[PDB]
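Visitor: Just passing along the structure, written as structure tokens.
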Amino acid sequence: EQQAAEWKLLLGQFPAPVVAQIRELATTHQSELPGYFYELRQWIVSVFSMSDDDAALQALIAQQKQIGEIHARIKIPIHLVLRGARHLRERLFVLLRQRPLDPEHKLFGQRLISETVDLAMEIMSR
Amino acid sequence: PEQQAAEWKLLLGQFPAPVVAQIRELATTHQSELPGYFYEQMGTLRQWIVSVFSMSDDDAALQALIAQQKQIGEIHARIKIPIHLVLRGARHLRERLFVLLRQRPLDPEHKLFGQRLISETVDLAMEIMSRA
Ligand code: HEM
Ligand code: HEM
């Protein structure tokens, strides 16, 4: 395993004010992000608080694994989980767009949220 | 059910004409290059990427495509392949598709969209591809 390194690998390829500005946009609009709209915050912050050390980070992978096995145990469609993902990436994209940060940093800021969430569901998918 | 087409054609609406084509082209010119293995555990992925990157705009084609994704899922399900191996494939796909786009001299705003389009495209296919 040590999908922790793996995780750092994809994290170390992102500049600092992006990491900060993406983190800071998850921790703000933290509670404003839980979306239910069709016919929780600690999570976003957990994933988007991203650091270096592999105690304060590991619990993130072990937690993700936990929270899938929750979802599967009670038997809920994974494509429902991955859709939630989507609307999340989406709302996060929308939140990124409406900033006055250069499109260059947006460019990273986009891959940074997209990789994370998908990584999440990947490892959340057990 | 059926409005899986509705959603896709709408999302495809959140994007400009060139980006769409740029991305279509991107996948298309490198369809033969992108089935790329570089790791450890255990011409098809061309027309898949192409099917799923034919920026298609027709409830008809969409349905079949949609349903294609569905059928692809079920096959992967019978053999009993872990969902998190496929999402992984999927992650590698857009990751290299990301990179391809980066190394193209486009307008970084054009670029942003280009990113969103490839991201949501695969993930949407992936979402549908789910049945097990
Ligand atoms: C991006 C996708 C999702 C994420 C990140 C997520 C996150 C979580 C987390 C972290 C928990 C932990 C609760 C705990 O530890 O006590 C949880 C529980 C739960 N989730 Fe979600 N969820 C997602 C999608 C969904 C969807 C689409 C549904 C639709 C019904 C759903 C329904 C539930 C339910 C019913 C529980 C209760 C489990 C319990 O008893 O603690 N989840 N979810
Ligand atoms: C994004 C990821 C993937 C996509 C889009 C994909 C797509 C496909 C497609 C289109 C087919 C043939 C269906 C047809 O056109 O008739 C196929 C077959 C197959 N795929 Fe993949 N695949 C993916 C990942 C994987 C992974 C990760 C594995 C295993 C680790 C895998 C194993 C197989 C196997 C074993 C078959 C043949 C099944 C049989 O002969 O019964 N695929 N896949």
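Visitor: Given the residues B:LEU34, B:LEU62, B:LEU93, B:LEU97, which is the only one that is of a type in the set (A, V, I, L, M) and near ligand 2 (Cβ under 10 Å from one of its atoms)?
Guide: Checking each option against the conditions leaves just B:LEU93.
Visitor: May I ask you to list the residues in segment B:55-66 that are more than 14 Å from chain A (Cβ to nearest Cβ) and out of contact with any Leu (no Cβ under 8 Å at 6 or more places or on another chain)?
Guide: Across segment B:55-66, the qualifying residues are B:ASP58, B:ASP59, B:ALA60, B:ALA61, B:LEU62, B:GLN63, B:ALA64, B:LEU65.
Visitor: Provide a single number: the residues in segment B:15-31 that are touching a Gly at 6+ places or on another chain (Cβ under 9 Å), within 13 Å of ligand 2 (Cβ to nearest atom) and either among the hydrophobic types (A, V, I, L, M, F, W, C) or part of a helix (DSSP H, G or I) (or both).
Guide: 0
Visitor: Also, quick follow-up: Residues in segment B:61-80 that are loosely packed, with under 14 Cβ neighbours inside 10 Å, farther than 23 Å from B:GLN3 by Cα and aliphatic (A, V, I, L, M): how many?
Guide: 2
Visitor: Could you list, in sequence order, the residues of segment A:102-118 that are more than 12 Å from ligand 1 (Cβ to nearest atom) and either closer than 21 Å to B:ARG96 by Cβ or facing another protein chain (nearest Cβ under 7 Å) (or both)?
Guide: A:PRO103, A:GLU104, A:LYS106, A:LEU107, A:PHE108, A:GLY109, A:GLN110, A:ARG111, A:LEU112, A:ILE113, A:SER114, A:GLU115
Visitor: For A:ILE61, work out the one condition from (1) β-branched (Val, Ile, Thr); (2) away from ligand 1 (no atom under 12 Å from the Cβ); (3) more than 12 Å from the chain's Cα centre (by Cα) it doesn't fulfil.
Guide: (3)
Visitor: Here is a list: B:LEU45, B:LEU12, B:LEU34. Which entry is assigned to a loop (DSSP other than H, G, I, E, B), away from ligand 1 (no atom under 16 Å from the Cβ), under 14 Å from the mean Cα position of the chain (by Cα) and not polar (S, T, N, Q)?
Guide: B:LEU34
Visitor: Suppose we filter segment B:102-132 for residues that are surrounded by fewer than 22 Cβ atoms within 10 Å (Cβ to Cβ), part of a helix (DSSP H, G or I) and of a type in the set (A, V, I, L, M); how many remain?
Guide: 2
Visitor: Continuing with the same structure: Contact list please: Cβ distance under 8 Å, first residue in segment A:56-74 and part of a loop (DSSP other than H, G, I, E, B), second residue more than 8 Å from ligand 1 (Cβ to nearest atom), pairs at least six apart or on different chains.
Guide: So the pair list comes out as A:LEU57/A:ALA4; A:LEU57/A:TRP7; A:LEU57/A:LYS8; A:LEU57/A:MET50; A:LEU57/A:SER51.
Visitor: Residue under question is A:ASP53, and the condition is that it be more than 17 Å from A:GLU6 (Cα to Cα) and away from ligand 1 (no atom under 16 Å from the Cβ); does it hold?
Guide: no
Visitor: Hey, another quick one. Considering each residue of segment A:65-82, count those that are away from ligand 2 (no atom under 16 Å from the Cβ) and either among the basic types (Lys, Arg) or touching a helix residue (DSSP H, G or I) at 6+ places or on another chain (Cβ under 8 Å) (or both), and give that number.
Guide: Qualifying residue count for the region: 8.
Visitor: Could you please let me know if B:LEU85 is more than 10 Å from ligand 2 (Cβ to nearest atom), surrounded by 13 or more Cβ atoms within 10 Å (Cβ to Cβ) and part of a helix (DSSP H, G or I)?
Guide: no
Visitor: Still on this model: Would you confirm whether any residue within segment A:80-101 is away from every other protein chain (no Cβ under 11 Å), in contact with a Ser or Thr (Cβ under 7 Å, 6 or more places away or on another chain) and not basic (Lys, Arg)?
Guide: Within segment A:80-101, none of the residues are away from every other protein chain (no Cβ under 11 Å), in contact with a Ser or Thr (Cβ under 7 Å, 6 or more places away or on another chain) and not basic (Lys, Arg).
Each reported figure results from applying straightforward, stated rules to the coordinates on display, with no laboratory input. For neighbour counting, all protein chains shown are included, and Cβ atoms are generated from backbone atoms with ideal geometry for every residue, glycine included.
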